[PDB]
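In structure tokens, the next block holds one chain alone, the form solved without the named molecule.
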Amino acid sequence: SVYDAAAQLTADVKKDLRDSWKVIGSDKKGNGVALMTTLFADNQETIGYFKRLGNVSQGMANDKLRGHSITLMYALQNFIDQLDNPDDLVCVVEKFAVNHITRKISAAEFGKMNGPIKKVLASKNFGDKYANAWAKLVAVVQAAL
């Protein structure tokens, strides 16, 4: 199942993922926080899953939110680093899904991250072509939920 989704990661898709990550991943704190705050802005209901982070309206200044945001970026770093070996990509994605499954986060709920990603890519001038590539990566994770 996850393997089949991974099959959509064509040579061109992996190339766009790597090229865009080279920029996005260069500022994990800044972009990580941008993703989370955008998610909360566009889909307020997702805040229900982050009660532990406290006052998320504080953004970057909120230590717990900042800690979560930076950490989230290292999961993507992990995924990006395993793109050339489907076997490693798959085992890393299934390992990542475990805690999210426990939190009862469905594939549909997880898919809400596509908008924030598209918006962050755009802020760095990466168009639809790149947003589509990332949608495919998110789809691999969705296959594991």
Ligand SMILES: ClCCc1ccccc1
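Residue numbers here begin at 1 and follow the sequence given.
There is another form of the same protein, the form deposited with the named molecule bound; it is not shown, and what comes next is about it.
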* residue 90 near the named molecule in the bound PDB entry, any heavy atom under 4.5 Å? -> no
* Asked: Going by a heavy atom distance of 4.5 Å, is residue 37 a contact of the named molecule in the bound PDB entry?
  -> no
* Asked: Taking the shortest heavy atom distance, is residue 9 within 4.5 Å of the named molecule in the bound PDB entry?
  -> no
* Classify residue 62 as contacting or not contacting the named molecule in the bound PDB entry by the rule of any non-hydrogen atom within 4.5 angstroms, answering yes or no. => no
* **Triplet 73, 120 and 134 all within 4.5 Å of the named molecule in the bound PDB entry via a heavy atom** => yes
* Structure fact -> In sequence order, the residues of 1-32 that place a heavy atom within 4.5 Å of the named molecule in the bound PDB entry are 20, 21, 24, 31
